[PDB]
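In what follows, one protein chain appears twice in different forms, each by itself as structure tokens: structure 1 and structure 2.
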Structure 1
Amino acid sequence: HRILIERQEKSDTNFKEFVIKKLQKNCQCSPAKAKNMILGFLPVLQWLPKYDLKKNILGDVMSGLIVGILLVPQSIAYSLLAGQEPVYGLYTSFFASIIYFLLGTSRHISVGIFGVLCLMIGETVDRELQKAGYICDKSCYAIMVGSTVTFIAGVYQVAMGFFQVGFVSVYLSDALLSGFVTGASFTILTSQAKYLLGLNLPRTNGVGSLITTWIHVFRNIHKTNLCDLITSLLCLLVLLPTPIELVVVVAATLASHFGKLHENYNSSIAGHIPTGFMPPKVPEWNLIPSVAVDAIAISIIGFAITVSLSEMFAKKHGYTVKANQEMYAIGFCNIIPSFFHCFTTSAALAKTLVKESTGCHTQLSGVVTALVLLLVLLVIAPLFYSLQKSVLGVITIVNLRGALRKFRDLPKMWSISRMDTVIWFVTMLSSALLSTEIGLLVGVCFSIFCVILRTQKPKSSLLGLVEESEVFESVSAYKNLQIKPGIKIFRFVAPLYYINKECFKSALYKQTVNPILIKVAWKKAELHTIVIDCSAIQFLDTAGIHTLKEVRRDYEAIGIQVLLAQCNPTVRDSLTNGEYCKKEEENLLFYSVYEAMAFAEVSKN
């Protein structure tokens, strides 16, 4: 008794008429739903009118001043890492917070300056500064280039949000992103070492910069101020055990101002800007083609990190974050502020962690931080003068510590997925050495190739029956399975295609007869059926269809029957389209391994 399943009728509707009908059903021209899109595009007018202030005002207000003071050195630093004046980091943070409060659904994430992104902006800035030469007084050209790159990144992000092409985010694996952030953290530490030691080594760019910078540091170690070094050592000793950062920076600034440490030729930040808020300057609009390629990566890593963090903190509690709206928000946190003097913004884990430790479920707290920043941007900025600039490096290293600790999870990573660990290590090496962008590209492709390698050398085994059941499983992995003689079931856990067709043939020949050599031996001068378990064969390429046909023909030439079992509907469709089973030949494809085994047993009898 053979199975006689009947296939369902395929849908005849495949033209664009049905697509147009379903697009109209989607109501592109939506009456009375334009308010919904306005509310969807402006989440701010959805929870502020329904704000439970009596239960969250204290939480939002609390630690907002601490976070704002805590966002203060981060800006004066990463701006320096980005090749920008310190006031530009403050502008970036304030504008990012204010705009994300307008457009934002995570309600727990901390948008603003991201170290990895600032390192990448810095690379593009220095390249354009050199390609140009070093009323653009160096810093003016730097901020112009940074704002242009930010505008391009925001345009790309909003285009990906509108075109619904955000699925590219799936190509950035969590392990690959962790490796990239670790490598970028190593690069940031190497860059900040020069400020930590007080040297004046030249700008190093290109593949191997990390090594060039370290070599320069070693070469110029004798030109050590020994004052900034002492301050940095004390700050590292105090902050390594880990509000501590705010106290440290306040005490360091007070000591530097009182003792006049600059008399020892101590490098310090300058009077960057007064209350300021200078009138906005439009982007270059002519330099836009030159720095588009870098903006590609900046936009991707920016939106990938933001979406990942927002989804994580939404699924933690009250998951109501829309991916497309966060696309639009992170895009507009890089378009409107780029009209002003700001660089790219993204979610920062080290500062979101600070708000998570002390805070509540209200985005209004970010506004408070902005207000604090605004206050810092109005009258408290001169109070930040006379910073030792070694405390800045200590403050950057301490924050990176979060990403640098990932090396302690390598034994745990290995004990779960070896190839994921290898991808992580390769991405970390390619980001630390080589280039940050080149490192990301190397990581994304190596992960895709690892998926190709996993396919390339797959598992292949013989199947045995489980006693008193209709279950077949690998003999090479399980024990005490009945294997009747003259029938050998071969399971090949992989898609059969151009990459692994040779491996499939070699494994089948090694475990069963290898009919080619037998045929040549017969021409010069036990087994009767073989069942191929196609349950794990995901798809079939033209090579796979040809390989299966060749296998069947070569085995039938000797006299060994070949039966295919548990084929997918798509695999069966490919086999019928590939002209494998001829027309109504029958007894060639089976719906289960048990059915094929029973048929093979009956055929000999």
Structure 2
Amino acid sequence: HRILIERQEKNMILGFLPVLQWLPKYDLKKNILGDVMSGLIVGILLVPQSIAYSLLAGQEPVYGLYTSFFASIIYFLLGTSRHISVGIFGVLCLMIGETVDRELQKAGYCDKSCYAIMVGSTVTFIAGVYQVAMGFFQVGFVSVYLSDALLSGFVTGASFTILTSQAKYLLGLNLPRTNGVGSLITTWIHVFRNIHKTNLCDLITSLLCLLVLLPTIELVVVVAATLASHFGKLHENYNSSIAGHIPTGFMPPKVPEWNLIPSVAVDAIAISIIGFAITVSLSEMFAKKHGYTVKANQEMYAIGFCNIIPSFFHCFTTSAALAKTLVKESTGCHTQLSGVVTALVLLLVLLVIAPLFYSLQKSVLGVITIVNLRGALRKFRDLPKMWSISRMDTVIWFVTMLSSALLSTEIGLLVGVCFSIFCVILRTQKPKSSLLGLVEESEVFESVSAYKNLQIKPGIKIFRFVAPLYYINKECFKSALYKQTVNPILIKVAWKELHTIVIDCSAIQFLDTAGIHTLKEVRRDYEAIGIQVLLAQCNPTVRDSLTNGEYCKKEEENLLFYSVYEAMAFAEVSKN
């Protein structure tokens, strides 16, 4: 009556540049509206964003505009997604500024501003080739190790570090630069220490900008603030911080200095990883939004060469925002030509009307940065909902947040990745394990601890262990099996109803050397007392591992079964 089942016998140019085949398919009438509106809006919007993040990264306004313009042009010539906005990312520029400050401290501070670019571009050039190499060799699976609950706590914690850093500009204080682990608390300490020396004009204008922009517009706010700062001596009479002169034109291209490659490679690893994890994602999510497909390898290449050709022209790393991909969505663009228009607008700003924002203050720039972190720092209102869905994901999110906001961004990403992997390990150990009962008028065996009125038979116990059996939870497996049924060691040492134990191995995913040893020891110990142990519903991998580990002899039979019902039927017959 045993179940008998037999085992089975033991186009390169076209791909590189999407626009080669995308231009003929593009229709001017189909994609006309939104492209013109996006170019001026997104472009005028990326001017403040650029001047600010450049100061966040440790540079001047000109280089932020360089990065944005070159990123847009390169992605248009190389990208595949029809809705993504490749430009400056706040978190990436924060990490760039951290590395730039570290190397500046190492060197000691070719002006100091010039040396920032050499470090800044070199980090980006290494980040780009890392993205190119991992894309070419098809080693892009490393994205699977960064979840959406770690890459949403890293961006909610790094948003506090960007708002703390900007708190200097909002309050009009010339605070010293703070770096390393614990920079957030130290900067706040300096803020409260020097709060008496805050500029009255800077505080007034920052309060007005916060009270206007937050309820609400960004472009008109920038225009109004610049106009108010102009036609006045507040740069001297009020001694308020001013953006200053923005150099015009394009400087000659400079090859990144290869003297700094070994120092900047380690940070470039994190830069490239987050840059492709946060792009290939919002490029796939938006592709699913509009019902089209995006090539992950082509995104790899596009975001890789977006950090090399710009890197030759004094630019830092570029990545998709999803904080300005929404501005261009609201615009209504239906093609990547809009970005070109944006680039054109940036070009129209880069050499022409460049000193028009000379009088623009820094407090307004900080306020603009503040009213754009709203999204990430509002992820707090979703905490109870996250707790309801999954408590461990909530814990991982909070740990990543606290680590990134208090122990540097890079250490706060490595703490997130490792903690998530250990949380999976923690889920494996101390797992669910319970007896099973028979469902009346059926052949289904379910947990007698989760379902009621489950019929069980005296003398036979069915034990289910959900997790895989390996070195981590072998002791837990033995302890649970002994807590249920009987403890063979205790009965043997005491000697010196129950007669059959069935283990349901359906949920066991794999077996380690310790797991094979644990199963053999369990069977031998129970057989010493006079109990027979039958394994049921072992997957083919577990069956092969047991056969390789010599759990049973070839001549021996009546030991492994394909179903719990078959094992129960065999045990009842043997007792008779």
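We call the rigid core whatever largest set of C-alpha positions still superposes within 1.5 Å between the two forms. Numbers given to residues start at 1 and step along the sequence of structure 1.
Among the candidates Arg219, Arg454, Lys260, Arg418, the CA atom that moves 2 angstroms or more between the two structures after core superposition belongs to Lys260 alone. Comparing the forms between the two structures on their rigid core, the Cα displacement of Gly271 reaches 2 Å or more. Relative to the superposed core, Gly59 moves its CA by 2.4 Å between the two structures. Comparing between the two structures on a rigid core frame, one finds that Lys582 has its C-alpha moved by 1.7 Å. Taking the core as reference, the Cα of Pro495 moves 0.4 angstrom between the two structures.
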